[PDB]
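Here's the structure, in structure tokens; my notes come after.
Starting from 1, each residue takes its place in the sequence as its number.
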Amino acid sequence: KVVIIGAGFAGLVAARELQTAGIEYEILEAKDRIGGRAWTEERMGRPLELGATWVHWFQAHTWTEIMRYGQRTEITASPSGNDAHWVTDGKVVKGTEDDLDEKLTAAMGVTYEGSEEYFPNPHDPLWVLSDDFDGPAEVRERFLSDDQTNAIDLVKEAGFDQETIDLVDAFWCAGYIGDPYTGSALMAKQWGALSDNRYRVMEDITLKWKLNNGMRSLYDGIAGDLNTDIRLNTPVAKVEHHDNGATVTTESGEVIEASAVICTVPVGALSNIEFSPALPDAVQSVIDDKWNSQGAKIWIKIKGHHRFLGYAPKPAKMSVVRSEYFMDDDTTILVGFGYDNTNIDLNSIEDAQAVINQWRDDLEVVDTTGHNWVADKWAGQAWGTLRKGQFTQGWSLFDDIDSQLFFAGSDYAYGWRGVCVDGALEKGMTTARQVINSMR
Ligand SMILES: Cc1cc2nc3c(=O)[nH]c(=O)nc-3n(C[C@H](O)[C@H](O)[C@H](O)COP(=O)(O)OP(=O)(O)OC[C@H]3O[C@@H](n4cnc5c(N)ncnc54)[C@H](O)[C@@H]3O)c2cc1C
């Protein structure tokens, strides 16, 4: 009766939540697999996370699922103490990972500026614009201004040198998984607020702990709890959501009647679906301009065991590259994040070699792999990140469509929005509660 579009984390957890409340549901998934932008897959000799990777116990929704499905002790920290390299004025600088972290720590203090005024409750990100806001008017003005400033310009305006600017550039190429100069600085400030306003905590939460058994241990766990079979290979083509009741049409023409529809399709893929009535104009403007996520994630295998960390600014093929696994055949698998999916072929050994050559032309790539989410018609983006203006006139506009259609997904979460599975688990669950409450 409730139709859930998409079997990623948000759709899976919404279905489990409805099952708890005794509400009949059905999940329709376009692909032949579940998990969405989380995807644990055997590649290059071991299970690799082609999408979501890192978790932390300060992520309430992710951590509860880790506890639920038996993964409490099945987390391992990524390699640290790497030999660090960074590109600044066309030159490669070498240093310790500590050197690099201290530079970013100093830059983040200026980058998080204002988070204490904006985000006393970091899970109420739009409090400053609410009628309950009781702070000075200049805080609201600065808040709105910060939505139109990118995170790098904050560091430039504070007077940091070019070396730190280039490091911060590289860092936010990865963090905005796209052009950081078009991004909203409020995204970075909320990450600060969710991380006790300390760089080390923010990196602990988003870039440290991996699941030994992969994200699939969690999404297969949730799917295993569902008493209703997921309909794979069943793309939705149209959603009707007039007051009478909702209707969903698949690509094959099958029409399914619904009491409500929970749509977890990401903005980058929403143009595949015809909505009747059409979505609100402000929602359509976000879909047309999408979100800040045009980048890509690579896994590169090189010869030898090397503890490597590399940073490079836009327009590098990859902006952050780090050792992750030391393999038994004397090779290293590194992970990389780059701002532009169209400037990198994730499966081309020569392209991966060009990435490594940004820092060290003496290392030799022997294999490489990745999934270009942006070119995937069922995603059309990497993790959701915010362009200028989308913190206050972006992710929040997808709530309160009507009583028949509800949008759920990490990209609309109040907390760790877009960048984390925590946001998908948050928003899938609370959107199911919206339906439960309406039905009660
Ligand atoms: C490269 C990358 C790395 C990441 N790393 C991390 C990380 O380290 N840690 C972390 O916490 N998070 C990470 N994430 C974020 C995490 O993957 C997402 O926040 C989360 O998986 C999104 O869940 P969702 O259910 O909201 O969306 P999705 O997973 O996109 O689910 C939507 C589902 O709908 C399906 N679908 C699309 N169109 C249709 C249609 N027309 N009909 C039917 N089904 C359709 C899709 O196939 C998909 O299964 C990463 C994301 C990316 C892209």
With the side chain counted from C-beta on, respond yes when [X] and [Y] share a heavy-atom pair under 4.5 Å apart, and no when they do not.
X    : Y    : result
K189 : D146 : yes
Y118 : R142 : yes
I436 : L18  : yes

Tell me yes or no: between the side chains of [X] and [Y], is some donor less than 3.5 Å from an acceptor?
X    : Y    : answer
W54  : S78  : yes
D132 : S130 : no
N197 : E116 : no
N121 : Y414 : no

Item to check | Positive for side-chain hydrogen bond (donor to acceptor under 3.5 Å, both in side chains) with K314, one of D179, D169, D340 | outcome: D179
Output yes when [X] and [Y] qualify as a salt bridge under the 4.0 Å nitrogen-oxygen rule, no when they do not.
X    : Y    : value
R16  : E65  : yes
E254 : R231 : yes
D289 : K388 : no

Parallel, tilted or perpendicular for [X] and [Y], by the 30°/60° rule?
X    : Y    : result
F407 : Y412 : perpendicular
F119 : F143 : perpendicular
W63  : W57  : perpendicular
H241 : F275 : perpendicular

Flag, side chain of [X] to backbone of [Y], donor-acceptor distance under 3.5 Å:
X    : Y    : result
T431 : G428 : no
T264 : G409 : no
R72  : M67  : no
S410 : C420 : yes

Item to check | Evaluation steps, salt bridge (charged side-chain N to carboxylate O under 4.0 Å, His left out), between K210 and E324 | outcome: CA-CA 10 Å; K210 299 179 291 204; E324 289 292 328; 2.6 Å; yes
Next on the checklist: With a 6.0 Å cut-off on the ring centroids, do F398 and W291 count as close?
Outcome noted: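 That pair passes the under 6.0 Å test.
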Item to check | CA sep, side-chain torsions, deciding dist, call: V2, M439, side chain to side chain contact (heavy atoms under 4.5 Å, CB included) | outcome: CA-CA 11 Å; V2 176; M439 294 186 166; 3.6 Å; yes
Item to check | Between CG on residue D243 and CD on residue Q404, distance to nearest 0.5 Å | outcome: 5.0 Å
Item to check | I230, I4, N233, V236 screened by side-chain contact (heavy atoms from CB on, under 4.5 Å) with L28, the one that passes | outcome: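 Single side-chain contact (heavy atoms from CB on, under 4.5 Å) partner of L28 among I230, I4, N233, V236: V236.
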Checklist entry - Just checking, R417 and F391: is the charged tip under 6.0 Å from the six-membered ring centre and within 45° of the axis? => result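 Relative to the ring axis of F391, which defines the angle, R417 lies inside both limits.
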Item to check | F133 six-ring centre to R140 NZ/CZ under 6.0 Å and within 45° of normal | outcome: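 No, cation not above the ring by the 6.0 Å, 45° rule.
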Item to check | side chain to side chain contact (heavy atoms under 4.5 Å, CB included) between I205 and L194, worked out | outcome: CA-CA 9 Å; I205 289 171; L194 289 163; 5.9 Å; no
